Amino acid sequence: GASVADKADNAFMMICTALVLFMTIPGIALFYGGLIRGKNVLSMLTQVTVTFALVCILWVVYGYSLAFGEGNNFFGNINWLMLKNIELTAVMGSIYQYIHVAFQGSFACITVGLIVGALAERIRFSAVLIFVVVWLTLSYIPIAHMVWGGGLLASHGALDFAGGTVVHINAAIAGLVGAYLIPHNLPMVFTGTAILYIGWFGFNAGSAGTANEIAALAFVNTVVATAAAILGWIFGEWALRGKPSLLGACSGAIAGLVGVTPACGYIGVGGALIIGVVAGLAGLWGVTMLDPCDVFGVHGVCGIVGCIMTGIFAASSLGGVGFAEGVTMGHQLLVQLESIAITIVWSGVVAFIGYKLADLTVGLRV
């Protein structure tokens, strides 16, 4: 018979949605606001706000359909615009589907906000807008379809709870391609980081789709992995430089959050402590190797770390929820690696195409 929405789940997920919107408006905007040069802040805030608005529109017009509708292994469909095929009472899992639409839309928003906040007043605004349309449509959307919309990576049992590939790796490589082709308020950075943290609970727990024990797990693991990464990074920084800094504390937080994103509803809390530690160190490594586009280093490295570790610590003998029936750790790690690899290439190529199309049309300079 018909799916019926559970009101507790509706409630949960609307609030989670509002918490993820919070992480863009104003979370990410304040994070970049205190990182970039003061002469550029007003214009950065405006470009995050405007592209946020743009993403919201594109999402309901066609983006939700092309990401989550029936299609092939790579794309959904645009058979219906503006949510027209979706009755107001339609249910997806245990919530009204409209709530699923907003929740997933808020994901596209933070993902784009991440990129846009770094590239603002480096590439011309015109060129950001063309990049956003191209890359959302042809990278974000299909990669979401592949991982969460029944496409290719989902059909091979890829594990990515809340978006190590779809959000983090995806965006990291778009930013780095953009960076290749080209701090004044630290309390403001702390504030953004803090907002990003609180919001991420909606991100990570809400990705369970219901207020059940998987969301609880995801919640607890977020707390733990973030804390362990803060300490991971901070100890690494004390060692490497003799003093620990506020920006190091914040970066570590971000590193654990990223690292735990793919893993959070699949692993045990011991797992999460380990993932956090490693992610915190790997992120300190990443930036040290490599300019606000260091942010992409952390999303990228820690995204890869977290997608790998999900394939280990999901195992029931390590405290995780368990692999799917008949799956071995070695097989699963192979699928995690293939998923990472495909995500990197796909987004590299699409980012390239988007930037060039912008360059040849309006140019990338100010």
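Numbering starts at 1 and follows the sequence shown.
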**Request:** Between residue 290 and residue 291, determine how many residues of the deposited chain lack coordinates; answer none if the chain runs continuously, otherwise 1 to 3, 4 to 9, or 10 or more.
**Result:** 4 to 9
**Message:** So residue 198 and residue 199 are neighbours in the shown sequence, but is anything from the deposited sequence left out between them? Give the count as none, 1 to 3, 4 to 9, or 10 or more.
**Reply:** none
**Item:** Of 241-249 and 267-275, the stretch whose C-alpha atoms average the higher B-factor in the entry
**Value:** 241-249
**Prompt:** Would 172-180 or 220-228 have the larger average of its C-alpha temperature factors, as given in the entry?
**Reply:** 172-180
**Request:** Pick out which of 112, 123, 208, 257 has the highest C-alpha B-factor in the PDB entry.
**Result:** 123
**Asked** Considering only 101, 234, 78, 167, which residue's Cα atom bears the greatest B-factor as recorded?
**Response** 234
**Fill in**
Split the chain's modelled residues into thirds by Cα B-factor; residue 72 lands in the middle
**Request:** Using the B-factor values recorded in the entry, state whether the Cα atom of residue 51 falls in the lowest, middle or highest third among the modelled residues of its chain.
**Result:** lowest
**Item:** Record-listed C-alpha B factor of residue 203: chain third
**Value:** lowest
**Asked** residue 66: which third of its chain by C-alpha temperature factor?
**Response** lowest
**Item:** Chain-relative CA temperature factor third for residue 161
**Value:** lowest
